Structure formats: structure tokens, C-alpha cells
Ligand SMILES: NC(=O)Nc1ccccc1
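What follows is a single chain, given as C-alpha cells, in the form solved without the ligand.
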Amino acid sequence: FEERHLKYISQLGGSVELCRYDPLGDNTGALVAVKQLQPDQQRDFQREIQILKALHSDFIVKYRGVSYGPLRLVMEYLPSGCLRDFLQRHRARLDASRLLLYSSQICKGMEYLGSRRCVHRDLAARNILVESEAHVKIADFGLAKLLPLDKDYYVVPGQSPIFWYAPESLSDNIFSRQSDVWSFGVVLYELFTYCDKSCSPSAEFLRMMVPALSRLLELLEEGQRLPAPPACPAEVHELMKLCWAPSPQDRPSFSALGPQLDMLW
């Protein structure tokens, strides 16, 4: 991908821009999403490329290549954008079976990420993209880490909204496949609230809630959790409660959650 053939359109999300790969220079070329650095950050970015280039799933945003000119990461562009805003815009159209379809695909994608020893560390509805009405894909691999063969966890202070963090990430910066399962429980809650602002993880935790991180942690240690979303099927709420188990070892695996989500449809 020659840099001189990548034409800027707008900003999407370091930053992600909407560009057109226009070799003919006639405004007929394909639309792409291009990520760039705006030191140690160069090492973080090279890592993101290698991780994403080695991922191959219908439920993970597709790597296209890298750019060359006088380096940028080139990926596929999904016009529908993030799942958070799509859920808010199409509230009346999506029913509990469509929400369970989205839930199942995310889970299948996470199953594949853990098979590749990859911890995402930023799983949330805002970071999932919509391919079509019936197809969702996991994105934003900016905080992704690879677990060594000898280790099952990773020790990192986080700069993401604190409401998606497992207690062991809050109290000790421990990140694992099991902290991704905690976050996933928050993704289900977000899905069944249709990413409504007034009952969002931030809104509802701040109402229930020394520093803020410590207050949230005290609350979670007490066994307090987010309430069942309005009109939530009980079976779904029981699954969120399983993902929010205090001990990482007691949380269901993505391969265990998969058939349970499919059975509900």
C-alpha cells in the first residue's frame, strides 16, 4: 500500500483514519481503516501489527497489510461502525435473539483469541464493530498482549474506564483470559441495556459507589454487582453473574459460554 495512494477522508478512532486506497486517483478505489502513531510507543505499535496479521477469524477485524512511503497498519473498513452506537440507533429493531447472536459471535471470537494466547484487555461494546445486521467483529488491539508459553497471566496502571476491569486488574494489574471473561460479562450487560447511557456501567456503578478505583473495588469485594438490565431474560443475567465470579478460576471459559449462548439462540 503506497502512502501516496492512501487518500484521507476523516477520523474514526494513536489514531485510526478512514482513507481510500485510490491507485487510479479517480475516487473509485476501496475504503480502508488505517492506524498510525501520532520510542516505546513504536514497540507497542509493531506488536499490534504482528498480533493482528496472525489472527484469522470471521469474528476479528481483518488485517489488510502495512503502508510504505517517504509505517501504518491497514485494515478493513466496516461502515456501520461500533456496536455501542449501532445498538442505541437500532434499539426498536433488535430483539433478545439478535442480542444473543451478537453475544455468541463475540464469544467465538474471544475463544479464538485465547487459543492464540492473546489477552485483549479492552473488551467493551464501544470496541466491537458491526459487519452487517447479523455479523459483529472484535476490534481495537492497541492494548493486546501475548501470554508466554510458561505463563497464564500478565502483570502490567490502566487508562481505560474502570467499569470493565476484573477486581484482580483493579487491585494488582493482573490480566489474563479470565479477566477478559469478566469484561465479557460487562459486554452482555451493555448488549441487554442496548448501550443505554442512563443505565450504562459508568452511570449505574457511580450511583452505587478514598479514591474512586478503591470505592469500586470495595463494592466488588463485598459481592455487589450491576443489576439485571430492564426486561433482561434471567438465563442471560445468570451468565453475567457467572463471568463476575470473584476468583478468576471460578469464571466460565469462552468455550464453556459458547454452547450456553447458542442454546438460548
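For every residue, the number given is its place in the sequence shown, counted from 1.
- Looking at the other PDB entries for this protein, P79 is present in the model in all of those that include the residues around it, rather than absent from a third.
- Of the other structures of this protein that model both sides of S97, every one gives it coordinates; not a third omit it.
- Going from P23 to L24, you skip over nothing: the modelled chain follows the deposited sequence without a break.
- According to the record, no deposited residue between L31 and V32 is left without atomic coordinates.
- Relative to one another, 147 to 155 and 103 to 111 have unequal mean CA B-factors, and 147 to 155 is the one with the higher figure.
- Between 52 to 60 and 39 to 47, the higher mean Cα B-factor belongs to 39 to 47.
- Which of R93, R84, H120, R117 has the largest Cα B-factor in the deposited entry comes down to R93.
- Taking the PDB entry at face value, the top CA B factor among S183, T193, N127, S171 belongs to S171.
- In this PDB entry, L12 carries a Cα temperature factor that places it within the highest third of its chain's modelled residues.
- Compared with the other modelled residues of the chain, the Cα B-factor recorded for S179 ranks in the lowest third.
- Ranked within its chain, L71 lands in the highest third, by CA B factor from the PDB record.
- Among the modelled residues of its chain, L242 has a C-alpha B-factor that falls in the middle third, as given in the PDB entry.
The form deposited with the ligand bound is left out here; the points below concern that form.
- In terms of contact with the ligand in the entry with it bound, the residue from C232, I49, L239, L226 that brings a heavy atom within 4.5 Å is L226.
- Each of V186, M208 and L220 is positioned with at least one heavy atom within 4.5 Å of the ligand in the entry with it bound.
- With the partner left out here, the ligand still marks one of 109 to 117, 144 to 152, 178 to 186, 91 to 99 in the entry with it bound; by a 4.5 Å heavy atom cut-off that stretch is 178 to 186.
- Taking the partner from the other structure, the ligand in the entry with it bound has a heavy atom within 4.5 Å of a heavy atom of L216.
- Within this chain, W244 lines the site of the ligand in the entry with it bound, having a heavy atom no more than 4.5 Å away.
- The ligand is not shown here, but in the entry with it bound it comes within 4.5 Å of a heavy atom of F163.
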